[PDB]
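1. Any chance you can model this:
(4 chains)
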Amino acid sequence: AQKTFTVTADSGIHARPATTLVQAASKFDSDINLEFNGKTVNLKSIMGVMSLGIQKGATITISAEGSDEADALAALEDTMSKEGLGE
Amino acid sequence: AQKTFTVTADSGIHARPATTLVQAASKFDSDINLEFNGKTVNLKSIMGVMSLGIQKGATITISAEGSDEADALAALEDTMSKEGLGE
Amino acid sequence: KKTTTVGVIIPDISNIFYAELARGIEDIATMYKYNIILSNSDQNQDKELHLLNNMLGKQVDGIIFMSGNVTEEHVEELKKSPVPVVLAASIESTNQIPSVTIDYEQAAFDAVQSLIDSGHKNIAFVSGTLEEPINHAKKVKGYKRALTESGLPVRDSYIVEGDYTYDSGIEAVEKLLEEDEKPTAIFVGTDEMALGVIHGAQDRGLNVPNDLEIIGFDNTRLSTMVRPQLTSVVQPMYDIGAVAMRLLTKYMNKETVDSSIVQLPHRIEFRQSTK
Amino acid sequence: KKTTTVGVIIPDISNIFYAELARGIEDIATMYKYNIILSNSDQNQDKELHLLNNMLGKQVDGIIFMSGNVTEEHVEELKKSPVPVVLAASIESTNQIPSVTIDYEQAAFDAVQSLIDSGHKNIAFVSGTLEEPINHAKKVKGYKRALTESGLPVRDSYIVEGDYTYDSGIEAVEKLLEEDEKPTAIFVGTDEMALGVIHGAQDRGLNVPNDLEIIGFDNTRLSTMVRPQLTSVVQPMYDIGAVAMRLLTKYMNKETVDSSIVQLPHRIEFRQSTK
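-> Residues are numbered from 1 along each chain as shown, chains lettered A, B, ... in the order given. Dropping the coordinates below:
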């Protein structure tokens, strides 16, 4: 149903690194989401991510839900760590 | 029939400062020209100027010729010195 | 009718700030398949006001406009505009036109006060264009408010405003430090008018944060290539691009827009011009 | 038919280099009334090769393309292209496609040898991407030729190639200076991989040109905001824009083109990383 992460990229999740995941997340077929400090927006959206201002530090949480969850949690885990993000 | 100048702008005649005069010079009605080290191209052209690679140092020469010379030699003298160019 | 092409009128894309702003725009307007018709504004009321018209003539389903001062009238032609306009990293009182940008008052404020607790007495401001409602009504605003609110002489000449250059960033630190009463610290908008200031006092012999505790704005790459590295305000030049278009897009693709006026997050990135 | 709109495919306009290149383009394509359809290339053979097609589909009377490596095939679709293409600050063997850029071999060469007379023994190269025919076949070319031609060990490992960052510009100066035989000097392409190098050795305690005599490329504003200020190769990022379009324009407005392949002037701008 998901994972959990600790943002490692010192320029958080902004720049393309941002337009990067909104991307992957765009793909799939599940009800992805980003869980950062209480708050949490579908990951399949840009604003929401960008709006949460997710710097280098915190614990983040992936949120996969629907016929192709698992696959995302993995195209993505593999995705952000690939791009110097959480881990 | 013209003037003569000594390029003061340390980034010669490049950047907009370049696309700047090719401009004025564009206007007029005379056979303007830029005289830099032997060589000399109509000033009413970009390439020619840019091609002459006119850095910060040398003596340059305006070249006005035709029913509205004088006016240029002046819209221009007033032009480049206005833009940190020759003097 | 709708051409799948969104113009944009940005000042000078030679400017790094505005640069990363394209990417901002370019990069989403692609995800959402619209060719962006870039067009340099060179900050000038006719260069602006005209150039627009065309975005409109050469039919473009929207326009993310930018200025360092989106003027009274400006809005009018803007309110008028038959196509959606979404002011980016620019500002104008009325909220009448959507507008994605960062919180320019408070950000100014924070560093100022977050200088003062660094055991700080006599602070200072060095911003550019005191005209731009983006400055005088904002970064000074905050520069001042956190300042007053913690009883301090808001010395109307502790603030000088060179353009947006490095050269002037040093040249301001000079004329400000010519003064009798020397500053325990300094604020600055232009990210590079920070280097303008660090290698600024550092040139008349003065260590940082040793002699002066500096800070600034943007955090853009330029905030690393210096010794000390520069401690400054974080604003997402790109991110503003991003959420700008996504927003115009939301308007161009009749989607339900939440807030017509946004302000993405901002934090402090202390490198070394602060202890 | 002809739409008065010229696409352009540039890598990343976050990049200052490419930035001032817009202005280059933008600024003339305006004088000569053509809306430029910017479009980020992100250096990738499909990102390139595709993106083009469209410039073409959404009919645009020409295309000033850019890459750090305009590839074999690339030319083919390019030679094919029903619209005029004018490679800018990019290069490909054949001259088959007009191409405005600066003289990349010799420029490389000059600084190298104009280091050597500075009473110079063991020199060095620090460029990025040794793939880009813009590097390995050019700036090294010259780095090497002026080097050999004045009998010197062309030490195939006196050259390391980080990307185009400051961080790597310091990180290369390290792994190059880990070596037994230490360099009386250093060359570098990326204008900011110069700062990467100055505040590079300057961080492991080493004065410039005191300990090392450095130089580099572009001369772009970044070549002032450093202490020492950086002594480097002058290339007109904008000027390439300028004479690029003027040239496409000359092709789009059936004018008689002189040389299909140009190389605007280049000089040395010694600030301080050289004595």
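2. Would you map the helices across chain A?
-> Ranges of helices in chain A, per DSSP state H, are A:15-26, A:47-51, A:69-80.
3. how about these in CSV, adding mean neighbour count and distance to residue D:91?
-> The way it works is simple: take the backbone N, C-alpha and C, and place the C-beta from them, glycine included. Converted to CSV, the helices of chain A look like this (neighbours: other Cβ atoms under 10 Å in any protein chain shown; distance: least, Cβ to Cβ, whole Å):
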stretch, mean neighbour count, distance to residue D:91
helix A:15-26, 20, 27
helix A:47-51, 22, 38
helix A:69-80, 18, 35
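4. now those helices as CSV including distance to chain C?
-> Output for those, formatted as CSV (distance: least, Cβ to the nearest Cβ, whole Å):
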stretch, distance to chain C
helix A:15-26, 5
helix A:47-51, 5
helix A:69-80, 16
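5. Among these, which comes closest to residue D:88?
-> helix A:15-26 (23.6 Å; Cβ to Cβ).
6. any idea of the angle that closest one forms with helix A:69-80?
-> In terms of direction (axes from the mean of the first three to the mean of the last three Cα atoms, to 10 degrees), helix A:15-26 departs from helix A:69-80 by 160 degrees.
7. Pull the residues that contact helix A:15-26.
-> Outside helix A:15-26, the residues that touch it by Cβ atoms under 8 Å, 6 or more residues apart in numbering or on different chains are A:9, A:11, A:13, A:32, A:42-46, A:49-50, A:72, A:75-76, A:79-80, A:83-85, C:20, C:23, C:27-28, C:31, C:236, C:238-239, C:242.
8. From the residues you listed, list just the buried residues.
-> The neighbour-count test (16 or more other Cβ atoms under 10 Å in any protein chain shown) applied to those identifies A:9, A:11, A:13, A:32, A:43-46, A:49-50, A:72, A:76, A:79-80, A:83, A:85, C:20, C:23, C:27-28, C:31, C:236, C:238-239, C:242 as buried.
9. anything in the helix or strand that residue C:36 is a member of near chain D?
-> If you go by DSSP states H and E, residue C:36 is part of strand C:35-37. Yes. On the criterion Cβ under 8 Å from any Cβ of the partner chain, strand C:35-37 is in touch with chain D at C:35-37.
10. In a markdown table, list the helices of chain A along with distance to residue C:7.
-> Shown next, in a markdown table, are those (distance: least, Cβ to Cβ, whole Å):
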| stretch | distance to residue C:7 |
| --- | --- |
| helix A:15-26 | 21 |
| helix A:47-51 | 22 |
| helix A:69-80 | 33 |
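11. Quick one, which of these gets closest to residue A:4.
-> helix A:69-80 (10.3 Å).
12. Centroid-nearest residue for chain C?
-> residue C:89 (6.6 Å; Cα atoms, centre = their mean).
13. So for that one, what's the nearest residue that isn't a sequence neighbour?
-> Excluding the flanking residues, the one nearest residue C:89 by Cβ to Cβ, 6 or more residues apart in numbering or on different chains is residue C:240, at 4.5 Å.
14. Now do the contacts for residue C:264.
-> A:50-51, A:53, C:100-102, C:236, C:239-240, C:243 are the contacts of residue C:264 under Cβ under 8 Å, 6+ apart.
15. Then residue A:52?
-> For residue A:52, the contacting residues are A:34, A:36-37, A:39, A:41, C:265, by Cβ under 8 Å, 6+ apart.
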